[PDB]
Amino acid sequence: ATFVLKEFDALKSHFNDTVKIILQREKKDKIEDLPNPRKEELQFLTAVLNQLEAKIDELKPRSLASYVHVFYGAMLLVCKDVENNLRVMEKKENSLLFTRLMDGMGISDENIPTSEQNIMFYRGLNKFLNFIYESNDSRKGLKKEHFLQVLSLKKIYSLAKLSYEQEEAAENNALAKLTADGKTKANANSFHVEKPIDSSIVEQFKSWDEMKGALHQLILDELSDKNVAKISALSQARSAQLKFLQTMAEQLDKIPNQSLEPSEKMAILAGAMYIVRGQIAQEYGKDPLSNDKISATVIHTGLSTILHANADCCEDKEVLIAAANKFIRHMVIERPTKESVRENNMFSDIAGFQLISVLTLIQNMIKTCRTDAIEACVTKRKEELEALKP
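Numbering (the entry's author numbering) for the sequence shown: 0, 6 to 340, 348 to 401.
Given below as structure tokens:
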């Protein structure tokens with residue numbers, strides 16, 4: 000027996021009862037007369053529910069499973085927000101909202117959602133939240149009228165940031181549970197992308213051949229700076245990072261173009277460069293996506309240069325890192348019942364390589380890109396609203 009999800013109308017009718025219970029107990033007529041945080045928590049959930057029903061009417065889905073996933077994600081996000089907003093010696097078990105929401109989802113001490121369900125909830129909610137951006141594209145900012153506009157800008161930011169963090173944690177937990185006993189061999193030629201990458205995102209890298217040449221020159225630079233002749237003669241951390249980049253480029257170069265276009269190879273290699281850049285930044289105590297100049301890592305400075313990392317937007321970074329994530333997982337994670352890491356994979360001969368650490372770092376960078384995007388968007392909207400006061 006595994007956890008069974010409540011269905012959509014069961015969640016909806018239980019949630020609406022929850023609102024009625026809270027309003028009667030507070031002697032209020034409507035949600036907007038409640039005090040915060042409960043006010044905004046219930047406005048968030050009501051707004052999510054209303055947008056879900058509007059999308060059911062527009063898209064006419066065969067089944068509501070994806071809508072159930074978003075609503076679970078949103079309710080669990082509020083439950084986490086309730087915990088985070090608890091004062092003194094307040095206990096979540098005495099929160100009417102926390103206990104009602106958990107009851108509505110069917111969650112108790114002995115019955116909790118699976119790892120796979122938790123990932124689907126937050127992955128689904130995070131995709132859903134993009135409906136607040138013009139064309140669902142945070143590069144364009146918030147819509148002038150969006151489905152969360154009842155909320156303060158600060159609360160939109162804090163809830164989205166929390167949700168990106170919950171997905172990161174759920175994916176990290178799944179990564180931590182993997183065993184490395186997969187017996188299958190990987191097939192690089194069976195890897196295909198779902199959507200073609202916007203070639204304007206990789207245009208900065210000129211071409212597949214020039215990108216390999218920039219990487220080759222950068223490695224020569226690090227050899228020349230350290231006055232050694234081979235990558236294996238560098239410190240192990242830097243040695244394994246450069247070996248990882250060379251291994252990614254060699255593996256992509258073998259894939260026939262009709263199977264994987266050169267623009268997609270450029271995207272995967274750029275994402276791999278963001279990974280190495282991020283690992284080096286962490287050695288210096290900086291965020292992986294730091295834009296700080298680091299006084300003298302030839303490699304970190306050089307990757308920043310090849311990537312135009314200081315000039316590229318966070319959405320572009322996320323696309324490139326997500327591209328590398330997809331290719332790496334195709335090559336190292338076998339799937340059906349359980350996923351596992353392949354015993355023999357394209358990184359097996361890199362001494363000291365930490366594959367789970369790399370996949371966990373990817374989750375961190377994706378989270379940061381998403382958080383940077385919503386921060387930028389609510390900050391711009393705040394600025395626009397202040398400029399239109401009397």
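The beta-carbon is built from N, C-alpha and C at its ideal position, and this holds for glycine as well.
Nearest by alpha-carbon distance to residue i: which of the options is it?
| i | options | result |
| --- | --- | --- |
| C380 | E319, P401, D360 | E319 |
| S243 | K181, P340, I361, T6 | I361 |
| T382 | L222, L133, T305 | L133 |
| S119 | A253, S308, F7 | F7 |
| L81 | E149, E171, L27 | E171 |
| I367 | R392, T390, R339, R333 | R333 |
| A69 | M124, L224, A0, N329 | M124 |
| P200 | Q250, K210, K247, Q262 | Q262 |
| residue 344 | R104, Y71, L9, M106 | Looking at the chain, the numbering goes 340 and then 348, which leaves residue 344 without any coordinates in this model. |
| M252 | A173, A192, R143 | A192 |
| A328 | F248, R143, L222 | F248 |
| residue 428 | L273, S112, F48 | This structure leaves residue 428 out entirely; the chain is present only between 0 and 401. |
| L9 | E44, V336, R66, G108 | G108 |
| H220 | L307, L264, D202 | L307 |
| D113 | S204, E94, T103 | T103 |
| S204 | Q245, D229, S267, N140 | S267 |
| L396 | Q153, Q47, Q28 | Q153 |
| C388 | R143, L324, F331 | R143 |
| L246 | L264, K216, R42, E94 | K216 |
Determine the direct distance from the alpha carbon of residue j to that of residue i, and round the result to whole angstroms.
| i | j | result |
| --- | --- | --- |
| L146 | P260 | 40 Å |
| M277 | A233 | 22 Å |
| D85 | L155 | 14 Å |
| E207 | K24 | 54 Å |
| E354 | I235 | 25 Å |
| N88 | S299 | 38 Å |
| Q255 | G275 | 15 Å |
| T183 | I116 | 23 Å |
| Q240 | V302 | 16 Å |
| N130 | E287 | 30 Å |
| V280 | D37 | 51 Å |
| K187 | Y168 | 33 Å |
| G363 | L370 | 15 Å |
| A384 | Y161 | 10 Å |
| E322 | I377 | 6 Å |
| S351 | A78 | 29 Å |
| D257 | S211 | 13 Å |
| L90 | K96 | 7 Å |
| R392 | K400 | 13 Å |
| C83 | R66 | 29 Å |
| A218 | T50 | 51 Å |
| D296 | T309 | 12 Å |
| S139 | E62 | 16 Å |
| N177 | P340 | 19 Å |
In terms of DSSP beta bridges, what is residue i paired with?
| i | result |
| --- | --- |
| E338 | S351 |
| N115 | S112 |
| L146 | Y137 |
When DSSP labels each residue in this structure, what does residue i get in the three-state scheme?
| i | result |
| --- | --- |
| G306 | helix |
| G363 | coil |
| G275 | helix |
| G186 | strand |
| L166 | helix |
| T6 | coil |
| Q262 | coil |
| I298 | coil |
| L101 | helix |
| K290 | coil |
| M93 | coil |
| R281 | helix |
| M270 | helix |
| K234 | coil |
| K131 | helix |
| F331 | helix |
| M252 | helix |
| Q153 | coil |
| residue 343 | The chain lacks coordinates between 340 and 348, the interval that contains residue 343. |
| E11 | coil |
| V197 | coil |
Check for me: the alpha helix (DSSP H) holding residue i runs from which residue to which?
| i | result |
| --- | --- |
| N40 | Taken as a continuous stretch (DSSP letters only), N40 belongs to no alpha helix (DSSP H), as it is neither H nor E. |
| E30 | First-last for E30: undefined, no H or E at that position. |
| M79 | 69-88 |
| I205 | 203-206 |
| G217 | 212-230 |
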